[PDB]
Amino acid sequence: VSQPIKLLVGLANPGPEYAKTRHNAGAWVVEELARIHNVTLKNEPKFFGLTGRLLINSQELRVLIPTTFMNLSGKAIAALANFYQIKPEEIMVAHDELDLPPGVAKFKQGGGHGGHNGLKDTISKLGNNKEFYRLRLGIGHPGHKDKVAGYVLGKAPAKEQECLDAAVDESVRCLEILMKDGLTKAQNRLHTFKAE
């Protein structure tokens, strides 16, 4: 039974050249979960995004990858959330997280956007409501304010990308545990993980 998530959003910038930039880490999670569960994501221009529905341990989970600019991610999330009557507190938003290193991922309930343009827009489009969950996929931090945007929009080197892909995999396993055992159990597992 209880688990509050009805919608998982993986934040992204659109189109083939952005697919493997760090800023798309949330989208990697959603695509992998969707793949393992045999769901083909469908483009729905009415929701400014790619959508699907998975059944996991008899719970319906909607997924969404916006095709907006990252800074307009709330256009998508509010459109789909309004259509399905999903409250902010039932949404989990996967995203790249500067404040964790490659290879680590954490769940979080509420909090600020941290300068993340996607999170920022999401909050505003959901009525200045921060109380959605997050899946924070660590990307490291370049430790110079002026280098942040280029770092986030860049492509990790191969070795670092393996650490990233490992955290994606484990985040997917823990979303599955989320749906079966609940959040405390999912979180207890995810928060001890670090990739090699």
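Structure method, as recorded: X-ray crystallography, 2.0 Å.
Backbone N, Cα and C define each Cβ position, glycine as well.
These come from Swiss-Prot:
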type     : residues            : note
SITE     : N13                 : site 'Discriminates between blocked and unblocked aminoacyl-tRNA'
BINDING  : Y18, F69, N71, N117 : tRNA binding site
ACT_SITE : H23                 : active site, proton acceptor
SITE     : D96                 : site 'Stabilizes the basic form of H active site to accept a proton'
Checking the binding-site residues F69, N117 for other Cβ atoms within 10 Å of each Cβ, the smallest tally belongs to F69
Specify all same-chain residues, apart from the site residues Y18, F69, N71, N117, whose Cβ lies within 8 angstroms of the center of the Cβ atoms of the tRNA site, ordered by sequence.
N13, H23, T68, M70, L72, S73, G118
Rounded to whole angstrom, what's the largest C-alpha distance between any two of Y18, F69, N71, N117, listed as binding tRNA?
16
Top of the recorded positions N13, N71 by count of other CB atoms within 10 A is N13
Checking the recorded positions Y18, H23, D96 for other Cβ atoms within 10 Å of each Cβ, the smallest tally belongs to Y18
Looking only at DSSP and grouping its letters into three states, which state does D96 (site 'Stabilizes the basic form of H active site to accept a proton') belong to?
strand
Give the helix, strand or coil assignment DSSP yields for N117 (tRNA binding site).
helix
Candidates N13, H23, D96 (recorded positions); nearest Cα to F69 (tRNA binding site) turns out to be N13
The residue listed as 'active site, proton acceptor' versus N117 (tRNA binding site) - Cα distance in angstrom:
10
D96 (site 'Stabilizes the basic form of H active site to accept a proton'): which of the recorded positions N13, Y18, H23, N71 is the nearest Cα neighbour?
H23
